[PDB]
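Here, each number is a calculation from the coordinates, and none is a lab measurement. Don't worry about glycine lacking a Cβ; one is built from the backbone with ideal geometry, like all the others, and counts go over all protein chains shown.
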Amino acid sequence: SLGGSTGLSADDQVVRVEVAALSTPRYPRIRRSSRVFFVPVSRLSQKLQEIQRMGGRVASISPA
Amino acid sequence: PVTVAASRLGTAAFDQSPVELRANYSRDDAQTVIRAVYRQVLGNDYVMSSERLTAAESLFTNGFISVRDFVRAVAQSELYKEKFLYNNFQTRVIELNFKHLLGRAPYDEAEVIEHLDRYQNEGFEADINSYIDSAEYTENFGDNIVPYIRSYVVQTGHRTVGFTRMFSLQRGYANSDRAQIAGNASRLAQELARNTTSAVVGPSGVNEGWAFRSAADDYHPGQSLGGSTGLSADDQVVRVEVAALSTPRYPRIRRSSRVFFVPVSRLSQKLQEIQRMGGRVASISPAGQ
Amino acid sequence: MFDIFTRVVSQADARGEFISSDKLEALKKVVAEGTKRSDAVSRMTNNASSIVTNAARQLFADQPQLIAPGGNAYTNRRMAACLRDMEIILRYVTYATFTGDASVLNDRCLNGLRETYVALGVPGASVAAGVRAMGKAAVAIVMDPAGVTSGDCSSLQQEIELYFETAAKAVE
Amino acid sequence: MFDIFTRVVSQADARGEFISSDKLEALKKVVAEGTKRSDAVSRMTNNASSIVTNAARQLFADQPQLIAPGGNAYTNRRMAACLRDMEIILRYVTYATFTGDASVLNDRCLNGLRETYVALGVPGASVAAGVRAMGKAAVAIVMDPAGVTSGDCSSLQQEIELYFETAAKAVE
Amino acid sequence: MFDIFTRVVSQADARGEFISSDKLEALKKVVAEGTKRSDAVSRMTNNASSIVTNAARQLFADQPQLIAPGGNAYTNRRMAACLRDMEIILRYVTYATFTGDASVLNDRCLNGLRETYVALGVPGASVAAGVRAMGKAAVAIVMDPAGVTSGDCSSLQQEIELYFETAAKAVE
Amino acid sequence: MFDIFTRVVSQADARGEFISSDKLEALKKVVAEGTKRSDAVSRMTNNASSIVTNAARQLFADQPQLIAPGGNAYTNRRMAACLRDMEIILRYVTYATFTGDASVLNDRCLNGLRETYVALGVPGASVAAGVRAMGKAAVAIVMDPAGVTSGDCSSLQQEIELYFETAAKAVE
Amino acid sequence: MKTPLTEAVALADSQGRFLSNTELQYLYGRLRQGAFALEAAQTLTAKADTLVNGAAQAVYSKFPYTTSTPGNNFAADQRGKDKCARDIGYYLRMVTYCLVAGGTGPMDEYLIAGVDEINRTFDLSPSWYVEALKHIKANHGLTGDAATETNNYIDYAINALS
Amino acid sequence: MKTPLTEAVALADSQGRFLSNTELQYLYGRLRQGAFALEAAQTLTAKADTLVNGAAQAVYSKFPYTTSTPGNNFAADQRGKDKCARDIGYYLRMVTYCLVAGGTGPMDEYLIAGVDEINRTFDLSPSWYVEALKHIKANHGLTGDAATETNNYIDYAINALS
Amino acid sequence: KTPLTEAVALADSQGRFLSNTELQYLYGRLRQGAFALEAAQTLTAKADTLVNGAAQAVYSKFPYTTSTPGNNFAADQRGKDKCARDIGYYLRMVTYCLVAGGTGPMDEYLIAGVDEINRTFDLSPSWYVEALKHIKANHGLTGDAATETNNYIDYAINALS
Ligand SMILES: CCC1=C(C)/C(=C/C2=NC(=C\c3[nH]c(/C=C4\NC(=O)[C@H](C)[C@H]4CC)c(C)c3CCC(=O)O)/C(CCC(=O)O)=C2C)NC1=O
Ligand SMILES: CCC1=C(C)/C(=C/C2=NC(=C\c3[nH]c(/C=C4\NC(=O)[C@H](C)[C@H]4CC)c(C)c3CCC(=O)O)/C(CCC(=O)O)=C2C)NC1=O
Ligand SMILES: CCC1=C(C)/C(=C/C2=NC(=C\c3[nH]c(/C=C4\NC(=O)[C@H](C)[C@H]4CC)c(C)c3CCC(=O)O)/C(CCC(=O)O)=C2C)NC1=O
Ligand SMILES: CCC1=C(C)/C(=C/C2=NC(=C\c3[nH]c(/C=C4\NC(=O)[C@H](C)[C@H]4CC)c(C)c3CCC(=O)O)/C(CCC(=O)O)=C2C)NC1=O
Ligand SMILES: CCC1=C(C)/C(=C/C2=NC(=C\c3[nH]c(/C=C4\NC(=O)[C@H](C)[C@H]4CC)c(C)c3CCC(=O)O)/C(CCC(=O)O)=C2C)NC1=O
Ligand SMILES: CCC1=C(C)/C(=C/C2=NC(=C\c3[nH]c(/C=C4\NC(=O)[C@H](C)[C@H]4CC)c(C)c3CCC(=O)O)/C(CCC(=O)O)=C2C)NC1=O
Ligand SMILES: CCC1=C(C)/C(=C/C2=NC(=C\c3[nH]c(/C=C4\NC(=O)[C@H](C)[C@H]4CC)c(C)c3CCC(=O)O)/C(CCC(=O)O)=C2C)NC1=O
Ligand SMILES: CCC1=C(C)/C(=C/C2=NC(=C\c3[nH]c(/C=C4\NC(=O)[C@H](C)[C@H]4CC)c(C)c3CCC(=O)O)/C(CCC(=O)O)=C2C)NC1=O
Ligand SMILES: CCC1=C(C)/C(=C/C2=NC(=C\c3[nH]c(/C=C4\NC(=O)[C@H](C)[C@H]4CC)c(C)c3CCC(=O)O)/C(CCC(=O)O)=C2C)NC1=O
Ligand SMILES: CCC1=C(C)/C(=C/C2=NC(=C\c3[nH]c(/C=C4\NC(=O)[C@H](C)[C@H]4CC)c(C)c3CCC(=O)O)/C(CCC(=O)O)=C2C)NC1=O
Ligand SMILES: CCC1=C(C)/C(=C/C2=NC(=C\c3[nH]c(/C=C4\NC(=O)[C@H](C)[C@H]4CC)c(C)c3CCC(=O)O)/C(CCC(=O)O)=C2C)NC1=O
């Protein structure tokens, strides 16, 4: 995770959640199922609730 | 998607399909999406290179950071605070964040408590996060698409209100969002708590009565109480709004823009009188009966 | 948002006193006829889409200038937009008669129906006549029982008639 | 946004000439009393929350119709909203006396205070009386020294008095 | 958005009949002169940026109060904003003469040019005089042929003259 | 993020005891030399952009394959990208020597410098040699006094030398 | 505004569908609740004055110090006793509205939104109203489905209160 | 979190600019604060045991009932007294870190983030720690700029606590 | 860029009251101003000789701008007037930048689009660079005020190039 907290603009550390198996979750109409995201602990709860509400299974979580 | 008098409402410029960031975008395609993000989140405000934030932008051009997180990055930026959080009123800042990030006008007073309450409890940095981390956000454009105005389509979940409140929010295409007629004041915050909507006006030239703004002191409701019992005419009544009244002069006219309520039978004669004052008509909507 | 129970609650909170006994008897009458609210909402939601097509049928037999080119309902896109408008109007009527309070229909249609219709150039007269004919057809399918156990339904008839006239004077 | 230094800069740029010497002497006086700006801002930010509770205390001893049911400050949610309004009003007063210019308070409260208060139905009279009592208590805690080295503070007293009257005629 | 072909299509759809033969002869004339549309758009897009600097040159030789401090075009940021405004105005003129219809320029500049210029405090007189001088220079570079095969170009001259007067009475 | 004061705080919180007296004497030494931190940061931020051009100068005199077509720094866009990389690297060096802790530079460059440089195909050798030459030039402009009151600066020299070697073994 | 009819309407609004049969079952459940909830609200309104009076006296005996020490939250003199009894009467009236509305919405909107915040800024203790609600749920003395539905609302207020 | 050097760095990061002279003045102000803040933290660490001991005894005499009634928040037996004295020692140590860091950041991160929430779910009262901090700010007995800077931190903790 | 207003913008973004960090920020601003005002005074005293020597030094620094007839260059006397107006503008921005305590007057009034107008007018920023070098050589001050002004001047140089 380049910059650590610069582009994320929250000083707190980055959790780097990787999600797989996403299929017609909502309207975003995403191109592939498995993607890797960079989230900080300040919004990690929101994105995790979003990931599970979409229909995705997180495959790995590794602090970068 | 209007297509009848689309010229008149100014939403003809927002006709195009939204921009989509591909899985492996080129550098030029990156720059187009960056220009779209700058134009939408800052409301067609042009940017100087000293305020370009090229460092946060390069991280987006890599692809390690998503488009939606770039939207977060420009709203987290200090220039957005200086252009929008700082000069405007905080309720007006909430109003602007509804256009900039969600892409639509607020629907009620409950959203303006939730974001004011949130501002006092946790800060602007957290408030912006609450706009972007929303189901209403993530449905319409999850990660890849730029924010864009969705209010002109019903989108299965619009209340009626946001269509007409959006035209109070944005004017035209050429108009820069920092720079409007009212300036510092918030148009919608008067409208929200009374739960009322003003008449839709289009932007200038195409319509020449654009100058009309409802007075803050005088509400002037649309219906005017009884299909004109008091005006004493048998026919239905329309609301009429005039933009300027400059021919009449200072001792005759205290305020250029006023609202008249007329029956249709006397409509022609009052319109002729307005044209004799050199006044150009903003809006005319059916009022009562 | 506002239900008739919550209507009584908001009145009793604006007064700030406990609820009167006779109002509670009125609510006992309401929960006694809640099955008839269910009967009516089920009946007209069963036939709702055909009611929308029949309302557009009478509207387009009545006013051929809408189908005529240059008319507001002329184009295929605008025709689908028309059927969208009527369908969501009948949907909010079903919402209101399910809740029992017109506040849902008012607070989610009264605000911008007239506004969109004067801003677009939509003739509000055709929507008013169409929602009137749609309301007549809705009362026609609700009131007559087809294999349904008999009862009086005049209060419900008054209720959906009031809901459709609020829609009609909403669009005008 | 606008500081008194930036106020002088904006005047000198609107004129487009260099700054006058006597205005620079006034700024020398300002930086001579900047420690007293620090003294006052520190003193009233030390006691700010208790000042908010005492202002709400005198307001709710004065006007019991607000606590009374149907009143605007009646409900628990609206009561927390009241204390929110007073706290952020005193916060912007502290911002203005820290900056030295009323432009922060004006440009971030004058615009929509009256607007929200007429749109919601908030009685502006109670907020005006409350910010007046809060300003009196703020001058009371600022002016009296408790173990503080002595000096004159009449200019600061005038400054926060002006800030609270701008707040009072902001809400009215 | 609207091209002159699509203009004819929208007229023929509002009438709802097939297109008249003489209108199709007019379109045959249009496609006969499409190479001259190409000639003109290429010529003035070749010289466009120098035209913008020369227009700002005559404007700033004419009105020195804009360069003068306190003027609206005084600051470096506002000066770049001025050149931005003129460049995108000439850009939409090139869009309109490429399309052949003024609808692009109208629907993307007429709406908020006057609006931004009265809201900011921009003197619309200077932009009107500047777009007039820019239009004169544009006709000057378009009409004269430099190694170009000869022909008549009066209709194109009328077209860009009309486009620049619509811009001039847009900003006023 | 982490300052040397906050470094001492985080050590004393991980131990969970109060801070030792000798560590506080070290912090007294630090605040005694804070003006020399100011001297150095001001000096090299005065000359920073010319240092970036001179570092690119020695790099492009050294390795002409980068300018050569097919090279990684060949194109104008990639050349501006190179100067961007060096400028923000020197910027984070200035951040680190202003804070006094390398945690800012580490946590905002160590993570993805090597990663981007192997993922793009960027030769990390040239950036390592360039940041080494840039660090030598930075020590050269920091250490020599030009009209500056004299003093010892060996600890600062060691500090920025360590910062540039952490950058050099960051990119490798 | 937690009302199962309105929550069903909000759900079908978010889906954008017409009325489904799930909503018909939702209406059936609301009628089933109300068919005893109205009579329970009736006997609660009959008992309410004795309930709040015994609850205030029981909280005063539950902690003697709020009667004892002169303070601003505590009931040293009689005006604090009046404000205290006003608060428990407010609580029980919210319970009755919560019962008659079929959901926790009157409770939620009118108490639960900022109760701990005003308890923080006024230095109140929520445990006072906790033991007050415990005395109320011990004192109403009802049986049946209505009794435990009211008890469910009361311990919901207790759980959200603490 | 809240260090004026790091807040300046976060500001210049958000602007994307190099170091400006505003940051040089910010560093000057931080050195001016630290030049007495370090000695104040020294004498606080010297006094700390007597401070927390007198503060615990003063809070116990301030409310006799927490010693009196058997409860889970209160110090009926000696383990609650130990947890109580641990809490005030935690408070004073946060004050020392808050002083030595030059800002409210150690206080903010380590106390202020969820103090009222654990006071809610454990049924504690913040006024106990309020009057404890009042006894500490009465007991440290210092003079000068360092004394009032520490007092400013203490009443900041009081205001955010209540 | 004013450290008081930057502190206010920070506490606005946090949503907190005034902290003691802001009190230290005010202390630093007073410490800067206590010589910045006198430095702006002597700069305003010296300003005409400064811009005159700077214009003449740039004219001797590049003879060709006097030589060739061009639109950016000072062939005739009107270009000399516009050139001297530009350096006087620069030095006045320096004085405002000094008296404001930060780079904000410089930033807003010059740095936002200087390279863009230099691009579209075909100016060269190095002219104003060597002009500012002559100014920072010519003001002849000593002390904290001198180097604070010199810091502002080389900030303008670095952002200019
Ligand atoms: C949830 C509450 C709600 C309602 C009711 C609503 C109505 C609504 N009706 C619309 C259009 C429309 N409504 C009509 C209506 C008609 N056609 C006619 O000529 C007749 C007079 C009438 C036939 C029924 C037509 C033609 C349009 C499209 C107008 C256009 O293309 O500009 C539009 C413009 C957006 C679009 O193009 O789809 C909205 C937002 N929006 C809402 O959010
Ligand atoms: C695509 C259609 C379109 C147009 C045309 C457009 C114009 C536009 N011109 C603007 C400003 C401007 N326009 C001028 C114009 C002038 N300077 C003068 O004094 C002269 C009278 C005139 C010289 C040509 C100036 C100075 C500004 C900046 C105003 C300010 O700083 O507030 C702004 C304000 C935003 C900014 O700061 O850049 C917009 C949005 N926007 C659009 O979206
Ligand atoms: C959606 C799946 C579903 C349906 C249909 C349903 C229907 C339903 N309608 C009922 C009663 C009734 N429903 C009606 C309503 C009507 N009768 C008329 O004559 C009018 C035409 C019409 C009103 C528009 C009446 C009159 C009664 C019996 C007495 C009364 O409660 O008013 C009852 C009570 C006992 C019974 O008659 O079976 C049920 C269960 N419950 C369900 O779960
Ligand atoms: C940063 C500048 C700023 C200010 C000042 C501001 C005020 C503000 N005060 C509000 C409400 C309020 N203000 C009060 C005020 C009072 N209660 C009374 O009855 C008295 C007359 C007065 C006691 C002090 C009340 C009760 C509400 C809630 C109104 C409602 O529930 O509709 C609201 C409505 C949102 C909400 O529900 O929280 C805003 C936006 N907003 C801002 O962005
Ligand atoms: C926030 C942590 C902090 C504090 C408190 C602080 C205070 C402070 N107040 C001061 C001076 C002063 N402050 C005052 C202000 C006042 N005296 C009065 O009698 C009035 C009641 C009150 C004004 C409301 C006066 C009169 C002086 C000395 C002469 C003067 O500068 O006016 C001085 C200058 C020398 C000194 O007296 O110590 C300091 C350092 N600096 C800090 O960093
Ligand atoms: C962009 C790269 C490009 C260019 C330049 C281009 C030019 C072009 N201009 C043409 C004709 C022409 N173009 C003109 C236009 C003009 N002559 C005048 O005297 C006026 C000054 C001027 C109009 C402003 C005329 C008069 C003709 C020939 C007859 C006619 O079609 O009107 C033709 C037709 C045959 C020819 O003359 O070569 C071409 C191909 N095609 C291209 O792909
Ligand atoms: C804040 C911390 C941070 C750093 C340091 C950073 C570096 C960074 N350097 C990059 C590219 C680059 N870096 C170089 C570097 C060089 N040219 C060479 O050949 C030499 C070996 C070296 C000269 C110095 C080049 C050429 C590119 C462009 C690579 C490309 O076009 O794919 C890119 C790819 C994005 C772009 O195209 O601009 C990133 C993200 N990003 C960050 O967020
Ligand atoms: C940014 C605007 C600004 C500047 C420049 C500034 C400088 C500054 N450098 C100083 C001291 C000093 N600065 C240095 C640093 C150095 N001397 C050397 O010989 C080395 C070459 C260099 C270290 C790289 C030394 C040695 C002292 C005096 C003794 C000491 O504190 O170490 C002092 C203390 C008293 C004085 O000498 O004036 C100031 C005020 N303050 C400011 O606000
Ligand atoms: C509809 C739901 C609802 C509730 C429950 C509510 C409570 C409520 N209780 C309050 C105060 C108070 N509450 C008490 C209560 C007590 N002290 C005691 O001795 C007793 C243990 C306790 C009785 C419960 C006291 C003494 C005050 C005033 C605090 C003081 O005087 O400063 C206040 C602050 C305004 C005021 O009275 O003066 C509110 C808003 N408001 C609401 O809208
Ligand atoms: C670094 C800052 C920091 C603080 C201050 C802190 C406090 C803290 N105090 C706690 C409990 C507690 N706190 C008390 C305290 C008291 N009861 C009394 O008699 C006294 C009036 C009061 C002494 C202050 C008691 C008795 C418990 C345990 C509650 C119980 O036993 O169930 C707990 C719950 C975990 C536990 O001890 O068993 C925390 C987290 N934690 C932190 O990280
Ligand atoms: C407050 C800060 C500020 C500055 C500095 C500023 C500069 C500035 N210099 C300009 C032009 C110019 N600048 C020059 C300058 C030069 N040619 C020479 O011989 C010399 C080397 C150089 C003297 C520096 C010339 C000759 C022009 C007019 C270009 C031409 O005549 O076409 C223009 C274009 C408008 C005009 O004068 O006619 C601006 C905006 N504006 C500002 O708002």
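Conditions tested, residue by residue: (1) surrounded by 18 or more Cβ atoms within 10 Å (Cβ to Cβ); (2) within 9 Å of another protein chain (Cβ to nearest Cβ); (3) in contact (Cβ under 8 Å) with a residue 40 or more places away in the chain.
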position: D:19; (1), (2), (3): yes, yes, no
position: D:23; (1), (2), (3): no, no, no
position: D:41; (1), (2), (3): yes, yes, yes
position: D:62; (1), (2), (3): no, no, yes
> Could you say which residue among H:39, H:23 is at the interface with another protein chain (Cβ under 8 Å from one of its Cβ atoms) and either without any contact (Cβ under 8 Å) to a residue 12 or more places away in the chain or of a type outside the set (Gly, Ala, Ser) (or both)?
Replying inline: H:23
> Give me the pairs: first residue in segment D:72-95 and under 21 Å from residue D:137 (Cα atoms), second residue more than 15 Å from ligand 9 (Cβ to nearest atom) and not in a helix (DSSP H, G or I), beta-carbon distance under 7 Å, and six or more apart or on different chains, which are they?
Replying inline: D:91/I:17; D:94/I:17; D:94/I:18
> Does residue B:5 satisfy the condition of being within 11 Å of another protein chain (Cβ to nearest Cβ) and surrounded by 22 or more Cβ atoms within 10 Å (Cβ to Cβ)?
Replying inline: no
> Given (1) touching an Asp or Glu at 6+ places or on another chain (Cβ under 8 Å); (2) more than 14 Å from chain H (Cβ to nearest Cβ), where does residue I:47 come up short, assuming only one miss?
Replying inline: (1)
>> Considering only residues that are within 14 Å of chain E (Cβ to nearest Cβ), surrounded by fewer than 18 Cβ atoms within 10 Å (Cβ to Cβ) and assigned to a helix (DSSP H, G or I), which ones fall in segment I:121-152?
In response: I:125
> Out of all the residues in segment C:86-112, which are closer than 16 Å to residue B:157 by Cβ and out of contact with any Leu (no Cβ under 9 Å at 6 or more places or on another chain)?
Replying inline: C:87, C:88, C:104, C:107, C:108, C:109, C:111, C:112
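Any residue at all in segment B:174-189 that's over 17 Å from the mean Cα position of the chain (by Cα) and under 18 Å from residue B:101 (Cα atoms)? Break it down stepwise before answering.
Residues of segment B:174-189 that are over 17 Å from the mean Cα position of the chain (by Cα), as a first pass: none.
No, segment B:174-189 contains no residue that is over 17 Å from the mean Cα position of the chain (by Cα) and under 18 Å from residue B:101 (Cα atoms).
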> For segment H:69-85, which residues satisfy the criterion of being under 19 Å from the mean Cα position of the chain (by Cα) and either part of a loop (DSSP other than H, G, I, E, B) or without any contact (Cβ under 8 Å) to a residue 24 or more places away in the chain (or both)?
Replying inline: H:83
> In segment F:1-16, what count of residues is obtained for those that are acidic (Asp, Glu) and either surrounded by 18 or more Cβ atoms within 10 Å (Cβ to Cβ) or part of a loop (DSSP other than H, G, I, E, B) (or both)?
Replying inline: 1
>> Need the failing condition index for residue F:108 against (1) touching a residue at least 24 places away in the same chain (Cβ under 8 Å); (2) under 23 Å from residue B:59 (Cβ atoms), just the number.
In response: (1)
>> Suppose we keep only residues that are surrounded by fewer than 21 Cβ atoms within 10 Å (Cβ to Cβ) and within 16 Å of ligand 2 (Cβ to nearest atom) within segment B:179-205. Which one would you say is farthest from the other protein chains (Cβ to nearest Cβ)?
In response: B:182
> Just a yes or no: is a residue in segment H:54-68 more than 9 Å from chain I (Cβ to nearest Cβ), within 16 Å of ligand 9 (Cβ to nearest atom) and in a helix (DSSP H, G or I)?
Replying inline: yes
> Just for segment B:210-234: of the residues that are under 17 Å from the mean Cα position of the chain (by Cα) and of a type in the set (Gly, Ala, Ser), which one is farthest from the other protein chains (Cβ to nearest Cβ)?
Replying inline: B:214
> Quick one: residue E:32 ticks every box in (1) of a type outside the set (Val, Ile, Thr); (2) in contact (Cβ under 8 Å) with a residue 12 or more places away in the chain; (3) within 13 Å of ligand 6 (Cβ to nearest atom) bar one, so which box is it?
Replying inline: (2)
> Which one is nearest to ligand 1 (Cβ to nearest atom) among residues in segment E:112-159 that are in contact (Cβ under 8 Å) with a residue 24 or more places away in the chain and of a type in the set (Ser, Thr, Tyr)?
Replying inline: E:117
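Which residues, taken from segment B:8-19, are among the aliphatic types (A, V, I, L, M) and either assigned to a loop (DSSP other than H, G, I, E, B) or more than 10 Å from chain E (Cβ to nearest Cβ) (or both)?
Step one: filter segment B:8-19 for residues among the aliphatic types (A, V, I, L, M), giving B:9, B:12-13, B:19.
Of everything in segment B:8-19, those that are among the aliphatic types (A, V, I, L, M) and either assigned to a loop (DSSP other than H, G, I, E, B) or more than 10 Å from chain E (Cβ to nearest Cβ) (or both) turn out to be B:12, B:13, B:19.
Identify, please: which residue in segment A:20-43 is of a type in the set (A, V, I, L, M, F, W, C) and within 11 Å of chain B (Cβ to nearest Cβ) and is, among those, farthest from residue B:23 (Cα to Cα)? Let's see the steps before the verdict.
Here is the first cut: in segment A:20-43, the residues of a type in the set (A, V, I, L, M, F, W, C) are A:20-22, A:30, A:36-39, A:41.
Narrowing further to those that are within 11 Å of chain B (Cβ to nearest Cβ): A:22, A:30, A:36-39.
On the way: A:22: 16, A:30: 10, A:36: 13, A:37: 14, A:38: 17, A:39: 19 Å.
Among residues in segment A:20-43 that are of a type in the set (A, V, I, L, M, F, W, C) and within 11 Å of chain B (Cβ to nearest Cβ), the one farthest from residue B:23 (Cα to Cα) is A:39.
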> Does residue D:15 count as within 16 Å of ligand 9 (Cβ to nearest atom) and without any contact (Cβ under 8 Å) to a residue 24 or more places away in the chain?
Replying inline: no
>> Could you check segment C:117-129 and list, in sequence order, the residues that are more than 7 Å from chain B (Cβ to nearest Cβ), of a type in the set (A, V, I, L, M, F, W, C) and either within 16 Å of ligand 11 (Cβ to nearest atom) or assigned to a helix (DSSP H, G or I) (or both)?
In response: C:125, C:127, C:128, C:129
> Of the residues that make up segment E:133-140, is at least one surrounded by 18 or more Cβ atoms within 10 Å (Cβ to Cβ), within 14 Å of chain B (Cβ to nearest Cβ) and away from ligand 9 (no atom under 16 Å from the Cβ)?
Replying inline: no
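Might you let me know whether segment E:89-104 holds any residue that is more than 16 Å from ligand 7 (Cβ to nearest atom), among the basic types (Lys, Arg) and over 11 Å from the mean Cα position of the chain (by Cα)?
The first filter runs over segment E:89-104 and keeps only residues more than 16 Å from ligand 7 (Cβ to nearest atom), leaving E:89-104.
With the extra rule that they be among the basic types (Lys, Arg), the set shrinks to E:91.
From what is left, the residues that are over 11 Å from the mean Cα position of the chain (by Cα) are none.
Looking through segment E:89-104, none of the residues is more than 16 Å from ligand 7 (Cβ to nearest atom), among the basic types (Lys, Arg) and over 11 Å from the mean Cα position of the chain (by Cα).
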>> With more than 7 Å from every other protein chain (Cβ to nearest Cβ), over 19 Å from residue C:170 (Cα atoms) and of a type in the set (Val, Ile, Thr) as the only criterion, which of C:89, C:67 stands out?
In response: C:67
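Being at the interface with chain G (Cβ under 10 Å from one of its Cβ atoms) and away from ligand 1 (no atom under 16 Å from the Cβ): is that true of residue H:100 here? If you could, list the steps in order and put the result at the bottom.
On the way: at the interface with chain G (Cβ under 10 Å from one of its Cβ atoms): no; away from ligand 1 (no atom under 16 Å from the Cβ): yes.
Against the criterion (at the interface with chain G (Cβ under 10 Å from one of its Cβ atoms) and away from ligand 1 (no atom under 16 Å from the Cβ)), residue H:100 does not qualify.
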>> Among (1) within 14 Å of chain D (Cβ to nearest Cβ); (2) within 16 Å of ligand 11 (Cβ to nearest atom); (3) surrounded by fewer than 16 Cβ atoms within 10 Å (Cβ to Cβ), there is one condition residue E:76 misses while meeting the rest; what is its number?
In response: (3)
> Which residues, taken from segment C:44-60, are surrounded by 19 or more Cβ atoms within 10 Å (Cβ to Cβ) and under 27 Å from residue G:12 (Cα atoms)?
Replying inline: C:44, C:45, C:48, C:51, C:52, C:55, C:56
